[PDB]
Amino acid sequence: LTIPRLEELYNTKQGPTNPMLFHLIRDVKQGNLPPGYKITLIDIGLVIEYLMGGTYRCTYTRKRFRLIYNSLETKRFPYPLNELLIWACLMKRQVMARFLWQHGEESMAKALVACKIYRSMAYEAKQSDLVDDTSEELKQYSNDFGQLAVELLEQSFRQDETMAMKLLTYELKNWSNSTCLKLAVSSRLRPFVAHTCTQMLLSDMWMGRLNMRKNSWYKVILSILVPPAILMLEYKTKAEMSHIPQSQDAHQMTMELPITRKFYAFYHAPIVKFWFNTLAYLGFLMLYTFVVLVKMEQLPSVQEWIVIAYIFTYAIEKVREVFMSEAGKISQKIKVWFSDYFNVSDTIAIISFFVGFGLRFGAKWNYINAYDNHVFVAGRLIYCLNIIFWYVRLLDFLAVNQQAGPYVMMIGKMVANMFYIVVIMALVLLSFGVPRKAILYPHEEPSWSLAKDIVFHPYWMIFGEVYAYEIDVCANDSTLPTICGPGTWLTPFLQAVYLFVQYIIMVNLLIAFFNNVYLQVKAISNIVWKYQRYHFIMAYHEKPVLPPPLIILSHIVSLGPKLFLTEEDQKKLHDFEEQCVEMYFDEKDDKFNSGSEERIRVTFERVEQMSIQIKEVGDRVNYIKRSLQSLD
Amino acid sequence: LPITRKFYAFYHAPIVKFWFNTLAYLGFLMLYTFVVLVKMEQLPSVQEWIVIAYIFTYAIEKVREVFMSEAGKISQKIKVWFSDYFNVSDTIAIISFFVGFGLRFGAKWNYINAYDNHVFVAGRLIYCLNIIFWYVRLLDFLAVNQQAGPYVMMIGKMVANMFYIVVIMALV
Amino acid sequence: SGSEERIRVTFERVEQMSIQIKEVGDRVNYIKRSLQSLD
Ligand SMILES: CCCCCCCC/C=C\CCCCCCCC(=O)O[C@@H](COC(=O)CCCCCCCCCCCCCCC)COP(=O)([O-])OCC[N+](C)(C)C
Ligand SMILES: CCCCCCCC/C=C\CCCCCCCC(=O)O[C@@H](COC(=O)CCCCCCCCCCCCCCC)COP(=O)([O-])OCC[N+](C)(C)C
Ligand SMILES: CCCCCCCC/C=C\CCCCCCCC(=O)O[C@@H](COC(=O)CCCCCCCCCCCCCCC)COP(=O)([O-])OCC[N+](C)(C)C
Ligand SMILES: CCCCCCCC/C=C\CCCCCCCC(=O)O[C@@H](COC(=O)CCCCCCCCCCCCCCC)COP(=O)([O-])OCC[N+](C)(C)C
Ligand SMILES: CCCCCCCC/C=C\CCCCCCCC(=O)O[C@@H](COC(=O)CCCCCCCCCCCCCCC)COP(=O)([O-])OCC[N+](C)(C)C
Ligand SMILES: CCCCCCCC/C=C\CCCCCCCC(=O)O[C@@H](COC(=O)CCCCCCCCCCCCCCC)COP(=O)([O-])OCC[N+](C)(C)C
Ligand SMILES: CCCCCCCC/C=C\CCCCCCCC(=O)O[C@@H](COC(=O)CCCCCCCCCCCCCCC)COP(=O)([O-])OCC[N+](C)(C)C
Ligand SMILES: CCCCCCCC/C=C\CCCCCCCC(=O)O[C@@H](COC(=O)CCCCCCCCCCCCCCC)COP(=O)([O-])OCC[N+](C)(C)C
Ligand SMILES: CCCCCCCC/C=C\CCCCCCCC(=O)O[C@@H](COC(=O)CCCCCCCCCCCCCCC)COP(=O)([O-])OCC[N+](C)(C)C
Ligand SMILES: CCCCCCCC/C=C\CCCCCCCC(=O)O[C@@H](COC(=O)CCCCCCCCCCCCCCC)COP(=O)([O-])OCC[N+](C)(C)C
Ligand SMILES: C[C@@H]1CC[C@@]2(OC1)O[C@H]1C[C@H]3[C@@H]4CC=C5C[C@@H](OCCC(CO)CO)CC[C@]5(C)[C@H]4CC[C@]3(C)[C@H]1[C@@H]2C
Ligand SMILES: CC(C)CCC[C@@H](C)[C@H]1CC[C@H]2[C@@H]3CC=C4C[C@@H](O)CC[C@]4(C)[C@H]3CC[C@]12C
Ligand SMILES: [NH3+]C1(Cc2ccc(Cl)cc2)CCN(c2ncnc3[nH]ccc23)CC1
Ligand SMILES: [NH3+]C1(Cc2ccc(Cl)cc2)CCN(c2ncnc3[nH]ccc23)CC1
Ligand SMILES: [Ca+2]
C-alpha cells in the first residue's frame, strides 16, 4: 500500500461506490469541482476532520504529509490497515470493512471510529436531497461496529477490571491523540458509556485520591466545615491511582504524605467540590427565602446583598464554562450548553433577577407607603417568582444519586408522552365551562373575566372540589340564590356528565397509560442517566475549588486530565488488548459450533452423505457374493 | 414552475384544505362562543349572522358528500355516512341549531324585558347546548395525528366496555 | 435424558460412523477387485 495506489482506490468507478463521497468533497472545498477531478488525500483528510468533528486532525492534513505528498521507505504507511478501514467505510463497503477491522491492532478504537464516520454520513444524507437516502443503511453500519466495541469491553472487563479501565483512557497516537471513551461520547454510543467498567471508572474519578470505601459522606462534609479533620481521612496510593487519568500538577504531587499534599488531594477531588458548592447553594436559598418572605425596605439588607453577590458570581462561572468547553467553535459551545434543561433555566433565572434588581433598586422611592410605588412592586414580584427556578435546580444536585436521578429523567419524558391525553382533558373542560357560564350568567357584557370564568371552576373540579352548594342554584341550601333563573336546572346534568368523563374515563386512562409505559421509560432513563454522568463528572475536574460567593478570587488569580503510562505498562496493555480480542473470536465460534441448531444440521448433512455411501456399499456388496455363487 | 401552476399545486393538496378548513372552524367557534356568552338582543349581531352562514353552508357541503360518495345506491350512501360518530353528531347539531334559530328569530318580541318571552329563551338555550357538539368535533380534527387519534378511538371503545361496572355502581 | 444431551452424543456418533463407512467404503471397493482380477 503506497500513496499512488491508495489514490486509485478512492478514484475508481469499477466497483460498488458511495455516491455521497463526492457530495462531501464539494462542501469541504466550498464550491469547486472540475469534471476531471481526481480525489486527493488532502481532500479525504478534510472529509474525515469534518465527519469526526470537534478538534480531530488527520495525518493527511499535517506538515509532514503535505510535503512528502507534493514531493512524490517513505511513500509507504506504518499502519495501512487503518488507511484501508477508513477507505472501506467512506466507500460504503461493510463486508470489506469488517474483514480489515479484524486485521491489525487497536480493534476497539477502530470500531468506535467507524461508528462515528457512518453516523455522520447518515446525518448528511438526511440533510441532503438525493434519490436514495441510504441513511438507515449507514445507521445500521454504525450500530454494527458500536456493538462490537461494547462486546470487546465486556470481554476485557471479565478478564481484568483495572486494565480494561486503562483501555478507555490511553491516547491512541494514530487517531489524533484521542481516547476510546471520548470517541464513544462523540457518537452518543450509550451502552459503552453505560457499561459497568466505565461507570466504575467515573466513580473512581469522582473520589480522587480519597479512598471512599473506608470514608463516608458524614466525614467529607465534616472535613469541609472542620478543615483540620482533613488529616484523619484515608487516601489512596499511587498504585491505586494508576488507571485513573490525572492532571499534570496532580501526578507530580502523587509522585512525591506531606501535610500540604494531603490538603491538595482533598480540595481538588470532584466529590469535595460538589458538597462544597451544594452547601453554599443551600445557604443561598435559605437567605433568598428569608429575603422574599420578610418585609423589604428601600435599601437592601445584608441578606439581600449576599444573594445578589452569589447570582452575579454564579453567572460569571457559567460564562467561562461556555467559553472553555470541549467544542472549539463558539456556535458549538453555545448549542451544547443549551442542551441541558437546567442551564436554560439558569439563563432565564439570572437574566430575570437583574431585571428585578434594577426595578427594586432603581425605583424612585416616592415614600408613599411602598406598594404605592408600582415599579418597586414589579421588582419584588419577579424575585418571588424567580426563586422557583432556584428550588427546581436542587433536582440537578439530587440526580447525582443512582435512585433519584432516573426518576428526575422520567418526569421530563412523561410530560412529553402524556401531552395528548391532557389536550383531550382541556377540551372536555371547555365543552363544560362555556355552557355553564352562558346558562347561569346571561346578562353579561364583554370582558376578560369571561375567559377566567369558563376555565376556573372546571379545572378545580379535577382536583377534588365539587362546589356542592353551587350546584342547583335554585335550591334552599344554595349559596347563589340570585342566580336562579330560566334554564339553570340544566347545569347539574352537565356537571354530572363532565366529571364522569374526566375521572372515570380520562384520569383512569392516564393512570393506565403510566402503568403500561413505566418499565421501558424507566429502562431508557437509567441508561440516559448513566451516559450523562460523564458530562457531569468531567465538568468538575475543570471547575474551580471555591464556590460561587468566593469563586471571584479564584477567577482573578486564574487571570484535560491524561492517563500516563511508562513504556512497560504500555507494553502490558497492548498485550492485554490482543489477548482479549483473540478470546472474543474463539468463544464466538465455540458457542456457534456447540448449539443444537448447528449440530442438528451438520448431522443432517452427514446422514444424507452416509445414506448415499451404504447404498454405494449396498449395490457393491451384492456384487461380492455373486462370485461365491458363480466362482464357487 | 409557472406561477399559476405553483398556486394550483398548493390549494389542491389535501393538507392545505385541512388547515384552511381547520382555521375557519376555529374562527367559527370563537364567534359562536362570543355570541353565546355575550348578551343577545332582538336582532342578531354581525357575529351571530356569520355563525348562521357557516352552519348553513357547512350543511350544504355535508349533503353533497352523501350524494357524491363511492356507493352508487342512495340507501348505501346513507348507511355509510351515518357509520361515523361525528357525522351523526353534525346531523343533530345542524338540525338543532335551526330549531333554535327559528325560536330565537321568529319570536314575537313583546318587549317585556326578555327572559319574560319564553320562546326566545328556548331558542337561546338550544344554542348554549348545541355549542357542545361543535367543541367535540375538534376531536375529529385532532385525531389526524398519530398519537392523539388512537386515544380518541379508545375513549369510545372503553365507554362500551365499562358499561356493566357502571350499571352496578348505579344500583349501589 | 434431555434433548441437548441426546442431540450431542448423537452428533458425536454420527461423526464417528461417517469415518467408519468411509473406512468401509475404501475397503469394500478393495474386495471386489479380486473378482475382477482373481476371476
Ligand atoms: C449565600 C452564599 C454563601 C453561603 C453561606 C451563607 C450563610 C451566611 C451566614 C450568615 C449571615 C447572616 C446575616 C447576618 C445578619 C445579622 C443581623 C442581626 O442583627 O441579627 C439577625 C440574625 O439573622 C437573622 O435573623 C437572619 C436570618 C438568618 C438566616 C440564616 C440562613 C442561612 C444560614 C447558613 C446555613 C448553611 C448551612 C449549610 C446548609 C445546610 C436578626 O434578624 P434580622 O436579619 O435583623 O431580621 C430583620 C430585622 N430588621 C430588618 C428589622 C432589622
Ligand atoms: C451564560 C449565560 C447566562 C449569563 C448571562 C448574563 C446576563 C446578565 C443578566 C441580566 C442583564 C440584563 C437585565 C436588564 C438590566 C436591568 C434593566 C433595568 O431594569 O434597569 C433599571 C434601572 O437600572 C438601575 O437602576 C441600575 C441597576 C442595574 C444594573 C445591574 C444589573 C444589570 C447589569 C448586569 C449584571 C449581571 C452581569 C452578569 C455577568 C455575566 C430600569 O428601571 P428603573 O430605572 O427602576 O425604571 C423606572 C425608574 N423611575 C421610577 C425612577 C422612573
Ligand atoms: C450546619 C449543617 C450542616 C449539615 C446539613 C446539610 C447536610 C447535607 C444535606 C442533605 C443530606 C444528603 C446526604 C446524602 C448522601 C448519601 C450518600 C450517597 O449515596 O450519596 C448519593 C447522593 O448524592 C447527592 O448528590 C445527593 C443530593 C445532595 C443534596 C440535595 C439537596 C436537595 C434535596 C432536598 C429537597 C427536598 C427538601 C424538602 C425537605 C426539607 C450519591 O451517591 P450514589 O450515587 O448513591 O453512590 C454513592 C457515591 N458516593 C457516596 C461516593 C458519593
Ligand atoms: C396550569 C394548567 C395546567 C398546565 C400546567 C403545566 C405545568 C408543567 C410544568 C413543568 C413541567 C415541565 C417539564 C418539561 C420537560 C420536557 C423535557 C423532556 O421531555 O425531558 C428532557 C429533560 O429531562 C429531564 O430530566 C427534565 C427534568 C425536569 C423536571 C422539571 C419539573 C419541574 C417541577 C416544577 C414544580 C413547580 C410547581 C409549583 C410552581 C408554583 C429529556 O429529553 P428527552 O429524553 O429527549 O425527552 C423525550 C421524551 N420521550 C421520547 C419519552 C417522549
Ligand atoms: C330526555 C327524555 C325525555 C324526558 C322527559 C321530558 C324532558 C325533555 C324535554 C322537555 C323539557 C323542557 C321544558 C321544561 C320546562 C320546565 C321548567 C319551567 O317551568 O320553565 C323553564 C323555562 O324554560 C323555557 O322557557 C324553555 C326550556 C326548554 C328549552 C331547552 C330544551 C333543553 C333540552 C333539549 C334537548 C334534550 C334532549 C336530551 C336527551 C338525552 C325554566 O324556567 P322557570 O322554571 O320558568 O324559571 C323561572 C325563573 N324566574 C321566576 C326568575 C323567571
Ligand atoms: C366564522 C367563519 C369564518 C372564519 C373567520 C372569522 C373571523 C372574522 C373576523 C372578524 C369579524 C369580527 C366582527 C366585527 C365586529 C366589529 C364591531 C365593533 O364595532 O367592534 C367590536 C370588535 O369586535 C369584537 O369585539 C367582536 C369579537 C371578536 C372575536 C374574534 C374571534 C375570531 C377572530 C378570528 C381568528 C381566526 C384565527 C384562526 C384560528 C386560530 C367591539 O365589540 P362588539 O362586538 O361591538 O361588542 C358588542 C357590543 N354591542 C352589541 C353593545 C355594540
Ligand atoms: C346531511 C344531513 C344533515 C343536513 C340536513 C339539513 C337539515 C336542516 C336543518 C333543520 C331544518 C328543520 C328545523 C326546523 C325549522 C325551524 C322551525 C321553527 O322553529 O320555526 C319557527 C318560526 O320560523 C321562522 O320564524 C322562520 C325561520 C326558520 C327558517 C330557517 C331554518 C329552517 C330552514 C332550513 C335551513 C337549513 C337548511 C340547510 C340546507 C341543507 C317556529 O317558532 P316561532 O314562530 O318562534 O313560534 C312562536 C312564535 N310566536 C311567539 C310569534 C307565537
Ligand atoms: C326533527 C324535528 C324538527 C322540528 C322540531 C319542532 C319543534 C318546535 C316546537 C314548538 C314550536 C313552539 C312555538 C309556540 C309555543 C307556544 C307557547 C307560547 O307561545 O308561549 C309559552 C312558551 O313556552 C315554551 O315553553 C315555548 C318553548 C318550547 C319549545 C321547545 C322545543 C324543543 C326543541 C328540542 C330540540 C329538538 C332537536 C332535535 C334534533 C334531532 C309561554 O311563554 P310566553 O307566553 O311566551 O311567555 C310570557 C311569560 N311571562 C308571564 C313571563 C311574560
Ligand atoms: C392568526 C393565528 C394563526 C395561527 C394559530 C392557529 C394554529 C393552528 C392550531 C394549532 C396548532 C396545531 C399544530 C400541529 C401540527 C404539527 C405537525 C404534525 O405532525 O401534524 C399532525 C397534527 O395533525 C392535526 O390535524 C392536528 C390537529 C389540528 C388542530 C386541532 C385543533 C383542536 C385542538 C385544541 C383542543 C384543545 C384546546 C384547549 C387549549 C386551548 C399530523 O401529522 P402526523 O400524522 O403526526 O404526521 C406528520 C404529517 N404531516 C406533518 C405531513 C401533517
Ligand atoms: C350523568 C350521569 C352519568 C352518565 C354520563 C354518561 C356520559 C357519556 C357521554 C359521552 C360519551 C359517549 C361516547 C360513546 C361512544 C360509543 C361508540 C364506541 O364505542 O366507539 C366507536 C366510535 O369511536 C370513537 O372514536 C368515538 C369517539 C367519540 C368521543 C366522544 C367523547 C365526548 C366527550 C364529551 C365531553 C363533554 C362533557 C361536558 C358536557 C357538558 C367505535 O366503535 P367500535 O370500535 O365498534 O366500538 C366497540 C367497542 N368494543 C368492541 C371494544 C366493545
Ligand atoms: C377555541 C377557543 C375557545 C373560544 C375562544 O378561544 C378559542 O374564543 C375567544 C374569543 C374571545 C373573546 C374575543 C373578544 C373579547 C372582547 C374583549 O373586550 C374588552 C372589553 C373590556 C375588558 O375589560 C375593555 O373595554 C373582552 C374579551 C372577549 C369577550 C374575548 C373573551 C374570550 C374569548 C371568548 C375566547 C374563547 C376562549
Ligand atoms: C401568564 C403570566 C402573566 C402569569 C404567571 C404565569 C405562570 C403560569 C408562571 C409564572 C412563574 C412560572 C414558573 C417559573 C419557574 C418554573 C421552573 C421551571 O423549571 C418549570 C416551569 C416553572 C414551574 C414556571 C411555570 C409557569 C409559571 C408558574
Ligand atoms: N443533568 C441532567 C441530570 C443529571 C444526570 C446525571 C447526573 Cl450525575 C447529575 C444530574 C438533567 C438535564 N439533562 C438533560 N436536559 C435536557 N435534555 C436532555 N436530554 C438528555 C438528557 C437531558 C441531562 C441530565
Ligand atoms: N373519523 C374517525 C376519527 C379519525 C380517524 C382517522 C383520521 Cl386520519 C381522522 C379522524 C372517528 C369516527 N370513526 C368511527 N365512528 C364510528 N364508528 C366507527 N367504527 C370504526 C370507526 C368509527 C372513524 C374514525
Ligand atoms: Ca375532596
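Note on naming: letters A, B, ... go to the chains in the order of the sequence lines (proteins, then strands), and numbering restarts at 1 for each one.
- Residues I132(B) and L494(A) are in side-chain contact: their nearest non-hydrogen atoms beyond the backbone lie under 4.5 Å apart.
- Of the listed residues (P442(A), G487(A), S431(A), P486(A)), the one with the most heavy-atom contacts under 4.5 Å to chain B is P442(A).
- For the atom pair NE2 (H443(A)) and CG (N113(B)), the distance works out to 6.0 Å, reported to the nearest 0.5 Å.
- Residues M506(A) and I155(B) are in side-chain contact: their nearest non-hydrogen atoms beyond the backbone lie under 4.5 Å apart.
- Within 6.0 Å of atom CZ in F514(A), more than 12 heavy atoms from other residues, nucleotides or ligands are found, so the atom counts as buried in its surroundings.
- Highest contact tally toward chain A, considering only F34(B), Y135(B), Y115(B), is held by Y135(B) [criterion: heavy-atom pairs under 4.5 Å].
- Between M158(B) and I505(A) the shortest side-chain heavy-atom distance does not fall below 4.5 Å.
- With a threshold of 4.5 angstrom between heavy atoms, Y127(B) does not approach chain A through any atom at all.
- The nearest pair of heavy atoms linking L37(B) to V434(A) is CD2-O, 3.8 Å.
- Looking only at side-chain heavy atoms (C-beta outward), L142(B) and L427(A) stay at 4.5 Å or farther from each other.
- Within a 6.0 Å sphere centred on CZ of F105(B), heavy atoms belonging to other residues, nucleotides or ligands number 12 at most.
- Atom CH2 of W109(B) has more than 12 neighbouring heavy atoms from other residues, nucleotides or ligands inside a 6.0 Å radius.
- Neither the backbone nor the side chain of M40(B) comes within contact range of chain A; no heavy atoms are under 4.5 Å apart.
- With a 4.5 Å cut-off on non-hydrogen atoms, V501(A) does not touch chain B at all.
- Each of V428(A), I424(A), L509(A) has some count of heavy-atom pairs under 4.5 Å with chain B, and the biggest count is that of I424(A).
- Interface residue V136(B): backbone and side-chain heavy atoms are both found under 4.5 Å from chain A.
- With a 4.5 angstrom heavy-atom cutoff, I504(A) touches chain B via backbone and side-chain atoms both.
- Looking at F432(A), there are no atoms closer than 4.5 Å to chain B (heavy atoms on both sides), in backbone or side chain.
- Around the OH atom of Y8(B), the shell of radius 6.0 Å holds no more than 12 heavy atoms that belong to other residues, nucleotides or ligands.
- Note: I421(A) leads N417(A), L430(A), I421(A) in heavy-atom pairs under 4.5 Å with chain B.
- Residue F56(B) places its CZ atom among 12 or fewer non-hydrogen atoms of other residues, nucleotides or ligands, all under 6.0 Å distant.
- Heavy-atom neighbours of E465(A) CD from other residues, nucleotides or ligands within 6.0 Å: above the threshold of 12.
- The environment of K126(A) atom NZ is sparse: at most 12 non-hydrogen atoms of other residues, nucleotides or ligands sit within 6.0 angstrom.
- With chain B as the partner, the residue from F419(A), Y441(A), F513(A) showing the most heavy-atom pairs under 4.5 Å is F513(A).
- Within a 6.0 Å sphere centred on CZ of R26(A), other residues, nucleotides and ligands contribute more than 12 heavy atoms.
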